[PDB]
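**Student:** Residue numbers (the deposited numbering): 22 to 285.
The following block contains the structure, expressed as structure tokens.
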């Protein structure tokens with residue numbers, strides 16, 4: 022079946038909605054499905070947050086090894102690294118960013134939000150890099166609440182895919198910072214069952230997951246199919262599936278993407 026009809030089959034059979042955008046390195050459209058529907062970002066915003074931090078490192082307005090001190094008040098739902106570093110009393114800017122990206126650590130994310138000026142500063146960065154759509158309104162985990170219809174804390178697949186491409190391929194960061202964030206995405210610890218489970222094993226893949234209440238399951242990042250680079254954003258809503266079934270839904274989207282790319 023076509024890309025569109027195979028996604029529609031998943032939607033119908035799983036009682037789900039699937040938002041997908043694939044763009045080339047310059048943000049030119051390759052494929053999409055519900056690509057301009059808004060979906061709750063959940064933790065997918067942590068990748069753009071890390072990019073914001075690297076832009077500040079590149080400009081000299083932040084220093085990666087600067088120590089960010091905190092107390093037990095910064096431990097929130099799912100803060101595995103922040104909990105381990107708590108007794109020491111700090112994480113560096115870079116430790117926190119890497120934990121946010123690779124573990125989806127919420128405390129580490131909020132520690133960075135404290136330093137940059139909160140959700141308003143995240144939104145300002147999206148605007149700066151040409152994304153007029155994505156918006157961070159709240160810190161974690163409440164930003165992942167995904168109340169039906171709420172436009173707070175949302176993006177669209179196409180806006181987010183274009184943001185990913187800007188960061189990885191469009192010169193938003195220096196070559197060193199770009200390579201570092203790319204490696205963080207490849208080494209993500211939370212995506213083994215989602216998109217990259219649906220891609221060929223020789224593709225170079227890096228991504229950042231999200232999970233939202235009310236059935237949100239998301240995965241954004243890049244893949245390089247031999248020499249060809251792509252940015253991808255997948256947002257799904259499936260209120261009646263189990264958590265494992267939602268992982269499998271996203272992996273299935275990965276397969277549908279692959280069938281398209283291999284068509285070619």
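The C-beta atom is built at its ideal place from N, Cα and C for all residues, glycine as well.
Is residue 237 buried or exposed, if buried means 16 or more other CB atoms sit within 10 Å of its CB?
**Tutor:** Counting the other CB atoms within 10 Å of its CB gives residue 237 a total of 16 or more, which places it among the buried residues.
**Student:** Considering only C-alpha positions, which residue in the set 68, 221, 256 and 39 is nearest to residue 146?
**Tutor:** 68
**Student:** Out of 215, 278 and 244, which has the shortest C-alpha to C-alpha gap to residue 266?
**Tutor:** Checked all of 215, 278 and 244; the closest Cα to residue 266 is 215.
**Student:** Do you know how far the Cα of residue 142 is from the Cα of residue 272?
**Tutor:** 33 Å
**Student:** Can you tell me which of the three DSSP states residue 210 falls into?
**Tutor:** coil
**Student:** Among 99, 148 and 254, whose alpha-carbon lies nearest the alpha-carbon of residue 129?
**Tutor:** 99
**Student:** Pairing CB atoms from the stretch 224–242 with CB atoms from the stretch 154–173, are three or more of them under 8 Å?
**Tutor:** yes
**Student:** Just to check my reading of the structure: residue 186 and residue 46 have Cβ atoms closer than 8 Å, yes? What is that Cβ distance to the nearest angstrom?
**Tutor:** Correct: roughly 6 Å between the Cβ atoms.
**Student:** Taking the CB atoms as reference points, tell me whether residue 240 and residue 62 lie closer together than 7 Å.
**Tutor:** If you check the CB distance, residue 240 and residue 62 do not come in under 7 Å.
**Student:** Between 101, 115 and 82, which has its C-alpha nearest residue 88's C-alpha?
**Tutor:** 115
**Student:** Please look up how many angstroms separate the CB atoms of residue 112 and residue 134, rounded, as I've assumed it's under 8 Å.
**Tutor:** Between residue 134 and residue 112 the Cβ distance is about 13 Å, and since that is not below 8 Å, they are no contact.
**Student:** Measuring alpha carbon to alpha carbon, tell me which of 204, 26 and 198 ends up nearest residue 314.
**Tutor:** Residue 314 is absent from the structure shown; the chain starts at 22 and stops at 285.
**Student:** Looking only at its chain, what residues have a beta carbon closer than 6 Å to the beta carbon of residue 66, apart from the 5 residues adjacent to it on each side?
**Tutor:** 157
**Student:** Need the endpoints of the alpha helix (DSSP H) that residue 146 sits in, please.
**Tutor:** 140–149
**Student:** So, using beta-carbon positions, are residue 57 and residue 177 closer together than 7 Å?
**Tutor:** The answer is yes: Cβ separation under 7 Å.
**Student:** Taking the continuous alpha helix (DSSP H) assigned at residue 103, which residues delimit it?
**Tutor:** For residue 103, the enclosing alpha helix (DSSP H) covers residues 101–106.
**Student:** Using the rule of at least 16 other Cβ atoms within 10 Å of the residue's Cβ for burial, across every protein chain shown, is residue 23 buried or exposed?
**Tutor:** exposed
**Student:** Could you pull the start and end residues of the alpha helix (DSSP H) that residue 250 belongs to?
**Tutor:** Taken as a continuous stretch (DSSP letters only), residue 250 belongs to no alpha helix (DSSP H), being part of the beta strand (DSSP E) at 249–258.
**Student:** What residue does the alpha helix (DSSP H) around residue 131 start on, and which one ends it?
**Tutor:** 127–137
**Student:** Measuring straight from C-alpha to C-alpha, what distance separates residue 76 and residue 34?
**Tutor:** 43 Å
**Student:** Residues bridged to residue 175 by DSSP?
**Tutor:** 61
**Student:** Return the chain-ordered list of same chain residues with a C-beta closer than 7 Å to the C-beta of residue 119, the five sequence neighbours on each side being excluded.
**Tutor:** 205
**Student:** Please report the distance separating the alpha-carbon of residue 261 from that of residue 38.
**Tutor:** 12 Å
**Student:** Which of helix, strand or coil does DSSP assign to residue 159?
**Tutor:** Correct three-state label for residue 159: coil.
**Student:** Spell out the partners DSSP gives residue 239 in its beta bridges.
**Tutor:** 231 and 256
**Student:** Roughly how many angstroms separate the alpha carbons of residue 189 and residue 144, rounded to a whole number?
**Tutor:** Roughly 19 Å separates the two Cα atoms.
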